[PDB]
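Convention: sequence-line order gives letters A, B, ...; per-chain numbering from 1.
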Amino acid sequence: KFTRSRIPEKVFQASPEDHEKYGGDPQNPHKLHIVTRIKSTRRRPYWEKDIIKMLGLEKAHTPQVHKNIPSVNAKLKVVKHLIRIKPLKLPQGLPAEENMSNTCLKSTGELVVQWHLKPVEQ
Amino acid sequence: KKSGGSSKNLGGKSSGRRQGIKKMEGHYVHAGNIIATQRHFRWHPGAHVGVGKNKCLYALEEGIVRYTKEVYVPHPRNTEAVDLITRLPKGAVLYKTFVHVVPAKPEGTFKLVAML
Amino acid sequence: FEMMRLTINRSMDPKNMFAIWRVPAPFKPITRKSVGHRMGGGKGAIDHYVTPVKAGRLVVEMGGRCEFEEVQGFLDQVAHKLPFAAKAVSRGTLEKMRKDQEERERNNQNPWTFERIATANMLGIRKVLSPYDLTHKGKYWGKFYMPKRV
RNA sequence: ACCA
RNA sequence: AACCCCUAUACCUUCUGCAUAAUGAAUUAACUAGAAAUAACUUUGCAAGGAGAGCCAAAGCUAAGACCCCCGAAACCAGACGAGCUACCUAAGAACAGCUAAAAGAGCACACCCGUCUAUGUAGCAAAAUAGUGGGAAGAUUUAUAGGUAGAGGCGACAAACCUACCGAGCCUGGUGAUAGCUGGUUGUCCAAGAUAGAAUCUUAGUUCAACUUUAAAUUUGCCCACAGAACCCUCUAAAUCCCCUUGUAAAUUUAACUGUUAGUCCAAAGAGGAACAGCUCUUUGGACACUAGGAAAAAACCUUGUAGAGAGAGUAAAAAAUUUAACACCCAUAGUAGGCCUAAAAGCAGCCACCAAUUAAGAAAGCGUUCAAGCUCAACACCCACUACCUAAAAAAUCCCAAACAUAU
RNA sequence: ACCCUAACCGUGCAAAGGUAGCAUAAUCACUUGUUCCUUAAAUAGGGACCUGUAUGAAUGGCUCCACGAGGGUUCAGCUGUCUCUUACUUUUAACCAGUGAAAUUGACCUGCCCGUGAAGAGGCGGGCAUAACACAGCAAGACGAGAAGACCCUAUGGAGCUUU
RNA sequence: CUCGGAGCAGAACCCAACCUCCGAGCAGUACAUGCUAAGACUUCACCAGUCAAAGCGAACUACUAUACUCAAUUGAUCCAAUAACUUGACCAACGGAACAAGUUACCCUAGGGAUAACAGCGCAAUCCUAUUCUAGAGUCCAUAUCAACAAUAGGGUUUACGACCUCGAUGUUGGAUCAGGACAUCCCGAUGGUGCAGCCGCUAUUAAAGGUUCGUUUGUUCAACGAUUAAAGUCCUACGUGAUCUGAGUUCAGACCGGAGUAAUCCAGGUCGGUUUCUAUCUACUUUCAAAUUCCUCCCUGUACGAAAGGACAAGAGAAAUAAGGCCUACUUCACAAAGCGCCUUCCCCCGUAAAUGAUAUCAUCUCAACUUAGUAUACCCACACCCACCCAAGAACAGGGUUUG
RNA sequence: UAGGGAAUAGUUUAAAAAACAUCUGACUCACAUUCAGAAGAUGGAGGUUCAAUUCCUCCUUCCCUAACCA
Ligand SMILES: C[NH+](C)c1cc(NC(=O)CNC(C)(C)C)c(O)c2c1C[C@H]1C[C@H]3[C@H]([NH+](C)C)C(O)=C(C(N)=O)C(=O)[C@@]3(O)C(O)=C1C2=O
Ligand SMILES: [K+]
Ligand SMILES: [K+]
Ligand SMILES: [K+]
Ligand SMILES: [K+]
Ligand SMILES: [K+]
Ligand SMILES: [K+]
Ligand SMILES: [K+]
Ligand SMILES: [K+]
Ligand SMILES: [K+]
Ligand SMILES: [K+]
Ligand SMILES: [K+]
Ligand SMILES: [Mg+2]
Ligand SMILES: [Mg+2]
Ligand SMILES: [Mg+2]
Ligand SMILES: [Mg+2]
Ligand SMILES: [Mg+2]
Ligand SMILES: [Mg+2]
Ligand SMILES: [Mg+2]
Ligand SMILES: [Mg+2]
Ligand SMILES: [Mg+2]
Ligand SMILES: [Mg+2]
Ligand SMILES: [Mg+2]
Ligand SMILES: [Mg+2]
Ligand SMILES: [Mg+2]
Ligand SMILES: [Mg+2]
Ligand SMILES: [Mg+2]
Ligand SMILES: [Mg+2]
Ligand SMILES: [Mg+2]
Ligand SMILES: [Mg+2]
Ligand SMILES: [Mg+2]
Ligand SMILES: [Mg+2]
Ligand SMILES: [Mg+2]
Ligand SMILES: [Mg+2]
Ligand SMILES: [Mg+2]
Ligand SMILES: [Mg+2]
Ligand SMILES: [Mg+2]
Ligand SMILES: [Mg+2]
Ligand SMILES: [Mg+2]
Ligand SMILES: [Mg+2]
Ligand SMILES: [Mg+2]
Ligand SMILES: [Mg+2]
Ligand SMILES: [Mg+2]
Ligand SMILES: [Mg+2]
Ligand SMILES: [Mg+2]
Ligand SMILES: [Mg+2]
Ligand SMILES: [Mg+2]
Ligand SMILES: [Mg+2]
Ligand SMILES: [Mg+2]
Ligand SMILES: [Mg+2]
Ligand SMILES: [Mg+2]
Ligand SMILES: [Mg+2]
Ligand SMILES: [Mg+2]
Ligand SMILES: [Mg+2]
Ligand SMILES: [Mg+2]
């Protein structure tokens, strides 16, 4: 009988080697996830279809931002085969009311608060 | 072409009894609420939980349903159970699962009705 | 059993060898229907009995004043005639067989193993796996054992 | 005695 | 640049599923198929009343809008009409050569009547014929005429025959638009929501309730889910579930009003039956299909993928099948003794026990051998390295193999 | 009573216990029985014997003359039935002239091989073939045409017949 | 065929089977098994079913009690009986029509490929084949031959099983006719083994060009039998082929026997009789293609081979048959001709192995080593008038040949 | 293949009896008949029931019927 699957919690216990490959800091976890659906929910059970809708992931290749917290992670764990998860990086800090209209989410996961569409002079 | 046989097993056509817990841990019950149905005693009545003559566990008060593990001491007139405990090794204590209702409200209040 | 017994008793040295069964006698009933019958009409009648055997079980055990070379010949003959894949083994070959499997599981340079993927439901792979595949770890497909799988 |  | 190039499996119906070699359709024109209450809803009027007596009213009530197809049996009954055919009968007629025999349901044989067998013919010459060959031919014969018996019936040398070209019961009209849980039909445009737990049933080709689905209304949680919690008998100590705050989310329930769906397929998984057959049958949990597109050659059910338009832009998804195999030492051999025992005999080698000694070395003998014998290897010695890799071993059907090819440029 | 069978013995049951006949076949377990005829050769036919799942006496039994477009066996002869066909005549045919139907038909620009597929493809995949159009033949396919399968099942569809 | 318990269905609930098992259609105690009423459960609907605080009445001081033990122990409505209380179906097809059976081949209509009989397809238990294993048989000897217990793989000829295409029709068992294909080879060819002296056999490898008889009997396929034969192969092709034929069988209406039924009727039990339509639209095809097979006799030779008995072979020479292709001198049917029963002609190959030399592995070794041997067509057709007409050995029409016979 | 029925002294029938057979005796010259005595079975196994000739369930065994439509 095909059922929902329990994932052993060891699966989500990073090792020292994992930190080297991927470059996260276990002592300073990122606040926000970038989550992208990269796989259909067709040919997947309905309960995964439901969570993809709750996460705002009905359109593929469309980055959603989410909180890196246990409740949300519980959902992301059910559909972790349908998605790409990256940490949101804020090299220039949070957007401010001033630059709310100038942000760009780059493919590297960095949300820049200044978007000039110009070549770097140097 | 070939004459065939017949199955010799009749009966066995009853449908499920739909028995079991009706109120899980932490659930709020009103007096009378059937807490669980059973054919044999899986759950025993505890505090403020009555048992009907079909072993039906029901709430006697209004409040929260609890399930606990308690030591089991039968009634001395229950010959079969008493015969069981008398044959137990010294130091062995029987346990059963009990269900309780923690009453939610007091029985009443004292209110001022007159100043005469 | 008749094939195992007559071949082993005829080929063993009774003075220096003994043989014990490691399987019980047929105990599982097997039903068959009358020839030419259609589907239906109740289950058929008990026809014969069998003994279930799982992979990794010893079927017959020998010992005595002999080496492995002395028995390996005709134990391989009886094993080749069994309804499943079987092999004559020794106290020593069995152990190295198990050391080699554990050695392979350790020096395997493939970062992807069946177990890792299937336990984490990676790729939603459990939609094509059995629940039993969580413990068989890709080494079993029905009644077949694959000793190459790690 | 034996309708439903 | 008409064609050549590339892409492309008519349509309707019916189905689990149709290019299907399943249905229907030559084509054109014309004709040819959703009829209405109950309640509800919407929009007016008046309003504790409404209404042009009757009837409703605890915001009703009046009015209006808006709603439920077509063709088709075999039958059943009533009243007529039919015996110019045919069945049988009545009245009164007619025909039957020749030959044989002569008592004549005799023979042969025409006219005549019939229809055995063969062929022909099969929308014919013919809705039963033609040619030949046949049976009978003074008889229970054949035949003209008029009349009789009528369908719940007649008539019958019973074949259920015949009764006006289909008689297990005629024909016609009417009842009658018979009835059909069955098949076939069902007509302008555009958008939207929308796939199916079960129960009962003279019921399983259908219905009704539930379930799902639709519309409108109301107001409030729904879904996802943390601990804590849900059994002993006794474990295949299963994957899981139930409950459930947070959280992520936007649904959910209730009220009113309905119809349709209640003949299901493959795939994965847990089982059951069968043969651990089936494109088999039955339950369950998922998925897909019956909805697009791209893959897997064509391809319902596997993989990728969903929301709709235009573009002579762009990044991608799934997505191409790998493998090649069996060589193998060379030499050398005397001796207590044919060890006893057993056995007719057994001498390494029937079977029994024991298995010690000679020489650097050769088993009271591993395989073959015979007459129990003798013989031939192997295990020893001597010379001195044989090369030994690693596990291994297969194939045949029926119209005609089946893309072409290719080991080499990052 | 070797076996076979039982004149015979015991017991029971019925209204009576199948008599006379007849029986390898309109009849048939074994079975193509067995034997005698018949042929070179018989699962045929004839005569017998065995004896009857389930032969049998006006539901007539058993013989027999005559008779029969009845079913079957056969001698002799006869012959294109056949070995094994051939020749010719007429008809039909084909060509010219006149007259002029039918069933059928979704549309068709209507190949072959293998594979696939609602499991048997002109039409799909992969190959191969390939200027165009008359006429005469053929019948392998078009699951060719014809008649809403007479089989089988289903329908709370009919009807005929028969009954305790 | 209704109702309960257990498994399937392991842990909330639910869950099918002409699935696996076991049970119930009551007994017993009471006589408050009296009244009443919050709140609940519920067999997936409904109906029905279930549990219960408080209260009223009772009972009452040591499991009992305002709801007995017990698992099911059961039946709606109408109606009937009764003063009332209350009672009534093995209505068991158990959600129950108030009360109705057979038979149809004399049949009919509506449908269904939702469902059987034929064929196809799936499958391969059953069938068939191969290999693996070494018991066993074979005097000895496992392997010349033959094989148990098993094991593995294949085939798709049987008997089934499934119910996926066709019930607005895919009609036909055997035979005739014409045969296409497989090779698992019956015969003919080439090999290896042999318990192969020879003659015959047996077994295996290779080979599908060519061939594979006529009768008696049965409707028969099957088989038996008589004669043969080099041999009388196994299979598939919608059990090849019925718009080509046949129709004995088969299977509608008639009838008979035995049996079954009260009878109507019925019986893979016998028996006799019983309508086989089609003018071809499309596809396909209509002179592939002139290379030939086999037996027998003589001879080798009474040789080889054998103690004898017997008794051959790659040669050599004849004479046939069949199969192709022609032809008419004679014969025959005939007669300006067409024919057969007559005559004439007919031409290569094939591979399994067996051996040299010879390395890897300084011997050997036929070699998926390099290598050397056995051991790889021709013929026919072929130039192009008028295209008046006539003639023809040419011909359906058309075309072709002849006319220096217009 | 599928359902039903039936297994009682050695025999055949009953509901644990009877007639035979057997055994013992008497009668007879002897035998038979006859007479008088005697023994003699619930197919096996598995149950329940207060008690198993009517009841199980199975085995073993024999019978009967059905095995049809294309
Ligand atoms: C299978 N048995 C029951 C049987 C069957 C048939 N025939 C059929 O079943 C035919 N079936 C069809 C109708 C074809 C479907 C049968 O025809 C027969 C028989 C039984 C035998 C008995 C024979 C027996 N002997 C001689 C061997 C015997 O002793 C008797 C007797 N009466 O005692 C016989 O009569 C016997 O010879 C016989 O006639 C039998 C059958 O006829
Ligand atoms: K088709
Ligand atoms: K179809
Ligand atoms: K059709
Ligand atoms: K239809
Ligand atoms: K119906
Ligand atoms: K006869
Ligand atoms: K005879
Ligand atoms: K006659
Ligand atoms: K044709
Ligand atoms: K059909
Ligand atoms: K006919
Ligand atoms: Mg269908
Ligand atoms: Mg069509
Ligand atoms: Mg149809
Ligand atoms: Mg048509
Ligand atoms: Mg009536
Ligand atoms: Mg006459
Ligand atoms: Mg008459
Ligand atoms: Mg009659
Ligand atoms: Mg009749
Ligand atoms: Mg008429
Ligand atoms: Mg009806
Ligand atoms: Mg299926
Ligand atoms: Mg008699
Ligand atoms: Mg006779
Ligand atoms: Mg008979
Ligand atoms: Mg008989
Ligand atoms: Mg009689
Ligand atoms: Mg009578
Ligand atoms: Mg007379
Ligand atoms: Mg007459
Ligand atoms: Mg006659
Ligand atoms: Mg004659
Ligand atoms: Mg056809
Ligand atoms: Mg047709
Ligand atoms: Mg029809
Ligand atoms: Mg009716
Ligand atoms: Mg009626
Ligand atoms: Mg008849
Ligand atoms: Mg009909
Ligand atoms: Mg079908
Ligand atoms: Mg079939
Ligand atoms: Mg077909
Ligand atoms: Mg086949
Ligand atoms: Mg099915
Ligand atoms: Mg049709
Ligand atoms: Mg052929
Ligand atoms: Mg055929
Ligand atoms: Mg008829
Ligand atoms: Mg009679
Ligand atoms: Mg009769
Ligand atoms: Mg006739
Ligand atoms: Mg006939
Ligand atoms: Mg024709």
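Judged by distance alone with a 3.5 Å cut-off, no donor-acceptor contact links the side chain of A/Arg4 to the base of E/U241. Side-chain N/O atoms of B/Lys23 and base N/O atoms of E/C243 include no donor-acceptor pair closer than 3.5 Å. Judged by atom type and distance alone, A/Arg43 reaches the base of E/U305 through a side-chain donor-acceptor pair under 3.5 Å. The base of G/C19 has none of its N or O atoms less than 3.5 Å from a complementary donor or acceptor on the side chain of C/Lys43. For B/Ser15 against G/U43, a side-chain N or O and a base N or O form a donor-acceptor pair under 3.5 Å. Side-chain to base pairing of A/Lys67 with E/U247: no donor and acceptor N or O lie closer than 3.5 Å to each other. Judged by distance alone with a 3.5 Å cut-off, a donor-acceptor contact links the side chain of A/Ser71 to the base of E/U246.
What separates CG of C/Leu134 from P of E/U237 is a distance of 13 Å, to the nearest Å. Straight-line distance from the CZ atom of C/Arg32 to the P atom of G/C161: 15 Å, rounded to whole Å. Between the NZ atom of A/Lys1 and the P atom of E/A238 there is a distance of 15 Å, rounded to whole Å. Nucleotide E/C352 holds its P atom 6 Å from the NZ atom of C/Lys15, rounded to whole Å. Put simply, NZ on B/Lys53 is 16 Å from P on G/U66, counting in whole angstrom units. Rounded to an integer number of Å, the gap from NZ of C/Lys81 to P of G/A135 is 9 Å. Whole-Å rounding puts the A/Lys77 NZ to E/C225 P distance at 11 Å. Rounded to whole Å, atom P of G/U152 lies 11 Å from atom CE of C/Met3.
In terms of phosphate contacts, B/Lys2 brings no side-chain nitrogen or oxygen within less than 4.0 Å of OP1 or OP2 of H/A2. Residue B/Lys22 has a polar side-chain atom (N or O) positioned under 4.0 Å from OP1 or OP2 of G/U42. Between A/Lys49 and E/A288 there is a side-chain polar atom (N or O) within less than 4.0 angstrom of OP1 or OP2. For E/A230, neither phosphate oxygen OP1 nor OP2 lies less than 4.0 angstrom from any side-chain nitrogen or oxygen of B/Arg42. In this model, the phosphate group of G/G162 is approached by a side-chain N or O of C/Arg38 to a distance below 4.0 Å at OP1 or OP2.
Remark: G/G226 pairs with G/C214, satisfying the Watson-Crick or G-U wobble criterion at under 3.5 Å for both atom pairs. Under a 3.5 Å limit on both donor-acceptor distances, the bases of E/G229 and E/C372 fail the Watson-Crick or G-U wobble criterion.
To the nearest whole angstrom, the two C1' atoms, one in G/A379 and one in G/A290, are 6 Å apart. Annotation: G/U244 and G/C235 have their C1' atoms spaced 26 Å apart (nearest Å). Here the separation of F/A145 from G/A169, taken at their P atoms, is 8 Å to the nearest Å.
Here B/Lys69 lies in heavy-atom contact (under 4.0 Å) with sugar-phosphate atoms only. Across all strands, A/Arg37 comes closer than 4.0 Å only to sugar-phosphate atoms, never to a base (heavy-atom distances). Across all strands, A/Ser5 comes closer than 4.0 Å only to sugar-phosphate atoms, never to a base (heavy-atom distances). In this structure, B/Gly52 reaches the sugar-phosphate backbone alone: every heavy-atom distance under 4.0 Å involves primed, P, OP1 or OP2 atoms, never a base. Backbone-only engagement by C/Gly42 is indicated by non-hydrogen atom pairs under 4.0 Å involving sugar-phosphate atoms exclusively.
Residue B/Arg18 has its side chain nearest to G/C13 when only G/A6, G/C13, E/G306 are considered. The side chain of A/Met54 sits closest to E/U249 out of E/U249, G/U20, E/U247. Which of G/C133, E/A270, E/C243 sits closest to the side chain of B/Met24 comes down to E/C243.
Ring-plane geometry between B/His44 and B/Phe41 is classed as parallel, the angle between the planes falling under 30 degrees on a 0 to 90 degree scale with a further cut at 60.
Side-chain atoms of C/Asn16 and C/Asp13 include a donor-acceptor pair closer than 3.5 Å. Between the side chains of A/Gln13 and A/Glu9, no donor-acceptor pair is found at a separation under 3.5 Å. Side chain to side chain, A/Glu17 and A/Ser15 fail the donor-acceptor criterion of an N or O pair below 3.5 Å.
Cation-pi contact between B/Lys96 and B/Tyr72: present, with separation from the ring centre below 6.0 Å and deviation from the ring axis of at most 45°.
Centroid-to-centroid, the aromatic rings of A/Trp47 and A/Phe2 come within less than 6.0 Å. Between C/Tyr140 and C/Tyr145, the distance separating the two ring centers is shorter than 6.0 angstrom.
Across the interface with RNA chain G, nearest-nucleotide mapping of C/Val35 and C/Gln77 shows C/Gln77 to be the residue nearer the 5′ end. Mapping B/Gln19 and C/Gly40 onto RNA chain G by nearest heavy atom places B/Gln19 at the nucleotide closer to the 5' end.
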